[PDB]
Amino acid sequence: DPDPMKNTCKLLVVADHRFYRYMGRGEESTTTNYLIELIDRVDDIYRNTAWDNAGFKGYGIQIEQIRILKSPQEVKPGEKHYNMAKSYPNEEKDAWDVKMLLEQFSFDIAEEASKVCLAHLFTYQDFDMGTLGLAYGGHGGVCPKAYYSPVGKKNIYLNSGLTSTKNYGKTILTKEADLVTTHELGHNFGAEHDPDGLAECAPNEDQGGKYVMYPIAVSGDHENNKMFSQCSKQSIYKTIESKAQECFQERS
């Protein structure tokens, strides 16, 4: 039975210096309005989903805090930070290696991440070969789970993910950005990618197209695009059932 007191995953939303400059036009109001409206549209998808195809619905997400990093993080030589001016490992590239960026963000935000259901980084960098985001889970996801980093020499938490709103040299459509964050939060909620081998979970274009957990970002105009497949629902249903009592809160 859904507990109305434990149905919301509260988020720490972080906008880095790239997002602030290129999406927020160097303004706090523009930056926060974009993120507030995006999370609210993503929340409508989650909240209206019946994970068991019956009454197990009303689970969603809400912003607890928006951290706005206005300028790059100054670093000492050899030191790295997710908000530093240069990309890593190749400073000549517009973007970081996406996996290394998610690991770095998780390391730098560890203290704050331990106090929230999820932390999500919003950036503006053109990841190699069309990548839009990355997230733990679907080994992480909703509710902070510690991982001792031998390189980092401390515990980091795997309740993180990231979204970039830049792809192939331009700002993606808001309809596309909504799907990126929905997909990444889907991994956090426990969903894996929809496989081609299960037609019910990866339909043809005339059968409504692909669902949100498909590995390929494929347009945004098809019926199924903004919905979770039955494969995703089964995985997320099992996650919510064991994780809601652990870190979910009452909807504000």
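Under this definition, the rigid core comprises the largest set of C-alpha atoms superposing within 1.5 Å between the forms. Residue numbers here begin at 1 and follow the sequence given.
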{"property": "Core-aligned Cα RMS comparison in 4 other deposited structures of this protein - stretch that moves more, 219 to 227 or 62 to 70", "result": "219 to 227"}
{"property": "RMS CA shift, core-fitted in 4 other deposited structures of this protein, bigger for 210 to 218 or for 24 to 32", "result": "210 to 218"}
{"property": "Unresolved deposited residues lying between neighbours residue 138 and residue 139", "result": "4 to 9"}
{"property": "18 to 26 versus 236 to 244 - which carries the larger mean C-alpha B factor in the record", "result": "236 to 244"}
{"property": "Of 34 to 42 and 48 to 56, the stretch whose C-alpha atoms average the higher B-factor in the entry", "result": "48 to 56"}
{"property": "Identity of residue with top Cα B-factor, from 184, 223, 194, 64", "result": "223"}
{"property": "Residue of maximum C-alpha B factor among 78, 161, 144, 169, per deposited coordinates", "result": "78"}
{"property": "Third of the chain, ranked by Cα B-factor, where residue 120 sits", "result": "lowest"}
{"property": "Modelled-residue ranking by C-alpha temperature factor, third containing residue 177", "result": "lowest"}
{"property": "Modelled-residue ranking by C-alpha temperature factor, third containing residue 134", "result": "lowest"}
{"property": "Residue 113 - Cα temperature factor, lowest/middle/highest third of chain", "result": "lowest"}
{"property": "Third of the chain's Cα B-factor distribution that residue 213 belongs to, per the entry", "result": "lowest"}
